[PDB]
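Chains as they are written, first to last, in PDB author numbering: chain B2, 2 to 72; chain BY, 2 to 101; chain BX, 3 to 94. The beta carbon of each residue, even a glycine, is placed where N, CA and C say it ideally should be.
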Amino acid sequence: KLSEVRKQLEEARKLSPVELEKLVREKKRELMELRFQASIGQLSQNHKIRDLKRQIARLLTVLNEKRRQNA
Amino acid sequence: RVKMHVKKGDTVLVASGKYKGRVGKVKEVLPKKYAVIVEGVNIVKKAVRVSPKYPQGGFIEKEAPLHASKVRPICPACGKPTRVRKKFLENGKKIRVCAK
Amino acid sequence: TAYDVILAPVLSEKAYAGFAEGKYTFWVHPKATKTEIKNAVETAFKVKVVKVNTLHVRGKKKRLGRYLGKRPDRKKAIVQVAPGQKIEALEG
RNA sequence: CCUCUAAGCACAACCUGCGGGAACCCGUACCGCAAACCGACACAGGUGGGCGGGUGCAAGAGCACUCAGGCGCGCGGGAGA
RNA sequence: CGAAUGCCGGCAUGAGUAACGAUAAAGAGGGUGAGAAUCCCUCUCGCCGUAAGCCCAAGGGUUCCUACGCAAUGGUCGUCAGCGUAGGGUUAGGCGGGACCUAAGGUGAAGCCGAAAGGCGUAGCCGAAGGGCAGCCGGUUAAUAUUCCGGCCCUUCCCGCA
RNA sequence: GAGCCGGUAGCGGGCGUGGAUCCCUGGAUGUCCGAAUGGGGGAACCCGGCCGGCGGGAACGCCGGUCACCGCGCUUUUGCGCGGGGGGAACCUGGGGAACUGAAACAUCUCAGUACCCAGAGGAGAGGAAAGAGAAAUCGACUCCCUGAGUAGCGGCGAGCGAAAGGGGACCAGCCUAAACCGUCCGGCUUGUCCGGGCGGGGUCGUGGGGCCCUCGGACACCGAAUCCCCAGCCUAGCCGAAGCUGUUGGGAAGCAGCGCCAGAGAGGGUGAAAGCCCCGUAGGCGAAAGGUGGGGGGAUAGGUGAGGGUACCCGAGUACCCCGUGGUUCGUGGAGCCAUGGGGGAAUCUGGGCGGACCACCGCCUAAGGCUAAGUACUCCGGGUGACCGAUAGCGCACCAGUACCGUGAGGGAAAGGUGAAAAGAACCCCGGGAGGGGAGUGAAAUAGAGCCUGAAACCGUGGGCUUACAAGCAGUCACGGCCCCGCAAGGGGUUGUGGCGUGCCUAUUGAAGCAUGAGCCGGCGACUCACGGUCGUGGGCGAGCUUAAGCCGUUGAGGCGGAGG
Ligand SMILES: [Mg+2]
Ligand SMILES: [Mg+2]
Ligand SMILES: [Mg+2]
Ligand SMILES: [Mg+2]
Ligand SMILES: [Mg+2]
Ligand SMILES: [Mg+2]
Ligand SMILES: [Mg+2]
Ligand SMILES: [Mg+2]
Ligand SMILES: [Mg+2]
Ligand SMILES: [Mg+2]
Ligand SMILES: [Mg+2]
Ligand SMILES: [Mg+2]
Ligand SMILES: [Mg+2]
Ligand SMILES: [Mg+2]
Ligand SMILES: [Mg+2]
Ligand SMILES: [Mg+2]
Ligand SMILES: [Mg+2]
Ligand SMILES: [Mg+2]
Ligand SMILES: [Mg+2]
Ligand SMILES: [Mg+2]
Ligand SMILES: [Mg+2]
Ligand SMILES: [Mg+2]
Ligand SMILES: [Mg+2]
Ligand SMILES: [Mg+2]
Ligand SMILES: [Mg+2]
Ligand SMILES: [Mg+2]
Ligand SMILES: [Mg+2]
Ligand SMILES: [Mg+2]
Ligand SMILES: [Mg+2]
Ligand SMILES: [Mg+2]
Ligand SMILES: [Mg+2]
Ligand SMILES: [Mg+2]
Ligand SMILES: [Mg+2]
Ligand SMILES: [Mg+2]
Ligand SMILES: [Mg+2]
Ligand SMILES: [Mg+2]
Ligand SMILES: [Mg+2]
Ligand SMILES: [Mg+2]
Ligand SMILES: [Mg+2]
Ligand SMILES: [Mg+2]
Ligand SMILES: [Mg+2]
Ligand SMILES: [Mg+2]
Ligand SMILES: [Mg+2]
Ligand SMILES: [Mg+2]
Ligand SMILES: [Mg+2]
Ligand SMILES: [Mg+2]
Ligand SMILES: [Mg+2]
Ligand SMILES: [Mg+2]
Ligand SMILES: [Mg+2]
Ligand SMILES: [Mg+2]
Ligand SMILES: [Mg+2]
Ligand SMILES: [Mg+2]
Ligand SMILES: [Mg+2]
Ligand SMILES: [Mg+2]
Ligand SMILES: [Mg+2]
Ligand SMILES: [Mg+2]
Ligand SMILES: [Mg+2]
Ligand SMILES: [Mg+2]
Ligand SMILES: [Mg+2]
Ligand SMILES: [Mg+2]
Ligand SMILES: [Mg+2]
Ligand SMILES: [Mg+2]
Ligand SMILES: [Mg+2]
Ligand SMILES: [Mg+2]
Ligand SMILES: [Mg+2]
Ligand SMILES: [Mg+2]
Ligand SMILES: [Mg+2]
Ligand SMILES: [Mg+2]
Ligand SMILES: [Mg+2]
Ligand SMILES: [Mg+2]
Ligand SMILES: [Mg+2]
Ligand SMILES: [Mg+2]
Ligand SMILES: [Mg+2]
Ligand SMILES: [Mg+2]
Ligand SMILES: [Mg+2]
Ligand SMILES: [Mg+2]
Ligand SMILES: [Mg+2]
Ligand SMILES: [Mg+2]
Ligand SMILES: [Mg+2]
Ligand SMILES: [Mg+2]
Ligand SMILES: [Mg+2]
Ligand SMILES: [Mg+2]
Ligand SMILES: [Mg+2]
Ligand SMILES: [Mg+2]
Ligand SMILES: [Mg+2]
Ligand SMILES: [Mg+2]
Ligand SMILES: [Mg+2]
Ligand SMILES: [Mg+2]
Ligand SMILES: [Mg+2]
Ligand SMILES: [Mg+2]
Ligand SMILES: [Mg+2]
Ligand SMILES: [Mg+2]
Ligand SMILES: [Mg+2]
Ligand SMILES: [Mg+2]
Ligand SMILES: [Mg+2]
Ligand SMILES: [Mg+2]
Ligand SMILES: [Mg+2]
Ligand SMILES: [Mg+2]
Ligand SMILES: [Mg+2]
Ligand SMILES: [Mg+2]
Ligand SMILES: [Mg+2]
Ligand SMILES: [Mg+2]
Ligand SMILES: [Mg+2]
Ligand SMILES: [Mg+2]
Ligand SMILES: [Mg+2]
Ligand SMILES: [Mg+2]
Ligand SMILES: [Mg+2]
Ligand SMILES: [Mg+2]
Ligand SMILES: [Mg+2]
Ligand SMILES: [Mg+2]
Ligand SMILES: [Mg+2]
Ligand SMILES: [Mg+2]
């Protein structure tokens, strides 16, 4: 995951506000999708959940830095 | 962090007690217990079966931990302590004589 | 944030009983509004919501050893969907 | 709530129809003259309001019996000083 | 340390003693169970019935329902429970509060006073079991119901049209 | 630099030498409450305005901005900027300010300007450059320590209270203004060449200083910050580190043995027991991209650099000063000065005015009514290092999930409770039982280390055995014989007690207690003549017409020296 993690910061850093907010919306739904399965059992690869929870944290963290001057 | 000691998943010599002499490998270092695994101090553990699953239970079982001190690393020679070399761009543990 | 309002389905004899009619019940944000929930449900499961009932669920007090505590308080929202409409995800 | 008029505004506005929409937050279990409330206790004490049937007795929420409901009181068995 | 009606703790004596909490009251046959006068059912019997019945407010805070249970808590017993573990359960435009009103009182623009802290105080504001305000009858759950469902009947907003 | 996903085991999933977890630094995110600040409110909950965005969205809802009050300054206002508000263990300053006590009663006095309440400040605070001290042809800010000194003095001269000077040390620092006088802007008005407000210049002193005149004037000539800048160093993670093998006893070596080795390291801790060389370390030596701190060292600034003679212009006002009421000081009405000041009266500008303990004259000392100022000093919530400090009734109330459980309406009170083993190897399975619990088996060196488990005393409750008791009567024992039982070959000894003799518990308090006077159910643990500074004897030493230092300084880091103020 470490590797596939050092990407976002880049593949996500170069997009802008309107590109992220929508990307994050997408992720947030996926997270719902998950926590929605466990409640019934299905999904069990926890690693997935926490893994997605932290992704959003990054997108937001990156979007927060962009909204401070730029253009 | 600081919690560090002398061995890692490599080959060591037991200087301990019941297995003084015995030699083994990857001790799956803890180090919350500051112990290692090796291939000795392996006791017989009773078993009912933590859940029918995998029914029957025997007495030959697993290998117990061993205080990290009871063991000594070895490479291209025998027992002996460990020193640390800079590798001109690194930090690798080398033995007084050999090298790892 | 629309997927932050609906935490999960409830799953229970009583809850399922609702499915016959457009009655799906969910565990939602303790602070969420009936109106907030209506929207959340509409965009999440693509449906037309026409009624929303909610009730608070106080956490059961529990004790593991001499250590006494409580479970987190919750909000339950049972959303009623427009005539003949099903929230696919909650069927099965 | 009805009414009066000031600023204003009278291509606003209010008022009556008729259509189409909108209508949030908290409480809601359970005990509640009590073993769940106040009295260290499953304490013969204390606890505000409403319903509280029938027959008889002069009357009544009194008294005796009983509807509906609820209970025989959370140690017993004997003995006949 | 032997003493301070010493201090903390432990264990004795009284003692198998007084007690087991209203004198409304019990009996039997089935059942369950390792075991129950004590749990379940049936049939008798007694008590309350301006109740010892039902409902609301306060206070209490899951004690509600259910499945496994019985070490302890139950003044005995326990298979039972207001007890242990776990899972369920409380659904509102119209019921009660809040997006209304003011009461004593409280707070407090102006303003007054006091070594400091702080004490007053007009307007205003807060303050309810008072004023205002549109839902009645049924049916459903193991557990909610003027809240869910059914029938019938209403209330405010917003927009359009006349 | 190899393991990680806290206390985490567990199902069930993942990440890491292409370098995670982890540690340090800086940022991001930071629901609600709380000074709490949009309004409200029963803290963590309700309800809004305005601007922008979500949804069919106008009703409804959510999201992001933003809206408290007060004080300064800009300035009418509209508004705008800075700030303020709370918290903080002690420490500090200021505003208020007890009593029990002591005086062997008690009121002045004491306790004490203490405890406490309030406001404020900060890493310190206060104080601070002489209107001083007080006798010295003297000293020269303030604070802090030692002496001075239990002195001088105060005191119902009772209890008791208690200075300063000087000397020896720590530390070091000195400045800015007000006003003469000159300029400027603004607003008054009588536009008066004046009134007063703000600016700027000028000016800061006591062998008096300054203003304004006139002489002298020859300074890229020296001073130089308490301000700013940059460095070193320091703080917030870390890193490198010498030297042992074998045998033997044993569950286990590190013990013991043989023969070695390192040492700028033989501090310490751990590893199955006791180890310089197995592990962590220790001596010695390295280390910061980032954030702090930082004249210690450099600089750069602001700021400061004169004599003569004239004038007599100015040197802080409801003040000085006097009286009345008080406080402060060693000073309690005293011969009562000095410093503050609530009241009344009320000046002068160095030909002035205060002080040297009433007052007066001499001789002197000093310049009030404006402000600022490092260091030396105080404290310890926090981090570290040490201990002739404690070791679970001790030590903090808490070694443990404690300011908790419980208590109280509330302020508030406030517990108990630590240890298996080297390693969970935590007892499969079988047998009795519903379970609990046991008996086997098995683990271990040990299971009477089997789990609230190291050791496990005493009181207390039992089972088995030995002696001995139902005609005896007692502070329960003791002396003497005797019987039975038990040891050893014996002499002798141990246990029990049948008769005989003799016998008034312990403590306390009292003239006097078995006392029918007090206290104690029994056992275990806690539980009371100390310490500091003075004094007086005595005593072991040193030196003795003398003895001895205190603070502090230099040294060490369990090393001591110096220091003559002073007694
Ligand atoms: Mg590196
Ligand atoms: Mg509701
Ligand atoms: Mg609302
Ligand atoms: Mg109900
Ligand atoms: Mg009653
Ligand atoms: Mg009643
Ligand atoms: Mg009872
Ligand atoms: Mg009662
Ligand atoms: Mg009554
Ligand atoms: Mg009648
Ligand atoms: Mg009658
Ligand atoms: Mg009946
Ligand atoms: Mg009872
Ligand atoms: Mg005692
Ligand atoms: Mg004694
Ligand atoms: Mg005692
Ligand atoms: Mg006791
Ligand atoms: Mg007894
Ligand atoms: Mg008896
Ligand atoms: Mg008796
Ligand atoms: Mg009797
Ligand atoms: Mg009896
Ligand atoms: Mg009874
Ligand atoms: Mg009875
Ligand atoms: Mg009767
Ligand atoms: Mg009757
Ligand atoms: Mg009656
Ligand atoms: Mg209630
Ligand atoms: Mg419970
Ligand atoms: Mg029940
Ligand atoms: Mg049952
Ligand atoms: Mg019982
Ligand atoms: Mg229960
Ligand atoms: Mg209101
Ligand atoms: Mg007031
Ligand atoms: Mg008022
Ligand atoms: Mg009002
Ligand atoms: Mg009301
Ligand atoms: Mg009403
Ligand atoms: Mg019910
Ligand atoms: Mg209906
Ligand atoms: Mg854990
Ligand atoms: Mg984990
Ligand atoms: Mg950080
Ligand atoms: Mg607020
Ligand atoms: Mg407020
Ligand atoms: Mg808007
Ligand atoms: Mg401040
Ligand atoms: Mg003070
Ligand atoms: Mg004071
Ligand atoms: Mg004070
Ligand atoms: Mg007194
Ligand atoms: Mg006295
Ligand atoms: Mg005094
Ligand atoms: Mg300092
Ligand atoms: Mg200072
Ligand atoms: Mg300092
Ligand atoms: Mg001066
Ligand atoms: Mg001096
Ligand atoms: Mg000037
Ligand atoms: Mg000047
Ligand atoms: Mg090293
Ligand atoms: Mg080493
Ligand atoms: Mg041994
Ligand atoms: Mg050896
Ligand atoms: Mg020896
Ligand atoms: Mg060692
Ligand atoms: Mg050692
Ligand atoms: Mg050796
Ligand atoms: Mg070092
Ligand atoms: Mg730096
Ligand atoms: Mg003059
Ligand atoms: Mg005085
Ligand atoms: Mg005086
Ligand atoms: Mg005066
Ligand atoms: Mg005066
Ligand atoms: Mg004077
Ligand atoms: Mg005078
Ligand atoms: Mg004088
Ligand atoms: Mg003088
Ligand atoms: Mg004199
Ligand atoms: Mg003088
Ligand atoms: Mg001055
Ligand atoms: Mg001055
Ligand atoms: Mg000052
Ligand atoms: Mg100062
Ligand atoms: Mg200190
Ligand atoms: Mg303790
Ligand atoms: Mg102990
Ligand atoms: Mg502590
Ligand atoms: Mg304690
Ligand atoms: Mg209470
Ligand atoms: Mg064995
Ligand atoms: Mg042991
Ligand atoms: Mg031990
Ligand atoms: Mg033991
Ligand atoms: Mg014993
Ligand atoms: Mg016996
Ligand atoms: Mg006889
Ligand atoms: Mg006899
Ligand atoms: Mg005798
Ligand atoms: Mg006496
Ligand atoms: Mg005597
Ligand atoms: Mg007696
Ligand atoms: Mg006695
Ligand atoms: Mg007496
Ligand atoms: Mg006594
Ligand atoms: Mg007694
Ligand atoms: Mg004792
Ligand atoms: Mg004792
Ligand atoms: Mg002495
Ligand atoms: Mg002496």
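Counting along the chain, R55 (chain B2) sits inside the alpha helix (DSSP H) bounded by residues 49-67. Chain BX has a Cβ within less than 7 Å of the Cβ of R30 (chain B2). Neighbours of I8 (chain BX) across chain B2, judged by C-beta separation under 7 Å: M33.
With a threshold of 7 Å between beta carbons, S40 (chain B2) makes contact with chain BX.
For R36 (chain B2), a Cβ of chain BX is located within less than 7 Å of the residue's own Cβ. Distances from the CA of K63 (chain BY) to each of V39 (chain BY), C76 (chain BY), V85 (chain BY) were compared; the closest alpha carbon is that of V39 (chain BY). If you draw a 10 Å sphere on the C-beta of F28 (chain BX), you find 16 or more other C-beta atoms in it, and that means buried.
When DSSP assignments are scanned along the stretch 7-90 of chain BY, the uninterrupted stretches of beta strand (DSSP E) that are 3 or more residues long and fall wholly within it turn out to be 13-15, 72-74, 83-86. Judged by DSSP secondary structure, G93 (chain BY) falls outside any alpha helix (DSSP H) and instead within the beta strand (DSSP E) spanning 93-96. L57 (chain BX) and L92 (chain BX) have their C-alpha atoms roughly 20 Å apart. Buried is the label assigned to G24 (chain BX), since at least 16 other Cβ atoms lie within 10 Å of its Cβ. The stretch 73-89 of chain BY and the stretch 33-49 of chain BY do not touch, with fewer than three beta-carbon pairs separated by less than 8 Å. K71 (chain BY) and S45 (chain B2) have their C-alpha atoms roughly 41 Å apart. With fewer than 16 other beta carbons inside 10 angstroms of its own, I61 (chain BY) counts as exposed. For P32 (chain BX), no chain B2 residue has a C-beta closer than 7 Å to its own C-beta; the minimum C-beta separation is roughly 16 Å. Membership of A19 (chain BX) in any beta strand (DSSP E) is not indicated; the residue belongs instead to the alpha helix (DSSP H) covering 15-21. Inter-segment contact for the stretch 81-91 of chain BX and the stretch 45-54 of chain BX is present: three or more beta-carbon pairs are separated by less than 8 Å. DSSP, read as helix, strand or coil, puts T3 (chain BX) in coil. Residue pairing from DSSP leaves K62 (chain BX) without any beta-bridge partner. Scanning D75 (chain BX), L13 (chain BX), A4 (chain BX), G20 (chain BX) for the CA closest to the CA of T37 (chain BX) turns up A4 (chain BX). With fewer than 16 other CB atoms across the displayed protein chains lying within 10 angstroms of its CB, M5 (chain BY) is exposed. Among the bridge pairs identified by DSSP, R76 (chain BX) is matched with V59 (chain BX). Distance check between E11 (chain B2) and each of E34 (chain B2), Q70 (chain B2), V63 (chain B2) places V63 (chain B2) closest, using alpha-carbon atoms only. One finds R30, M33 in chain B2 with Cβ atoms closer than 8 Å to the Cβ of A46 (chain BX), taken in chain order.
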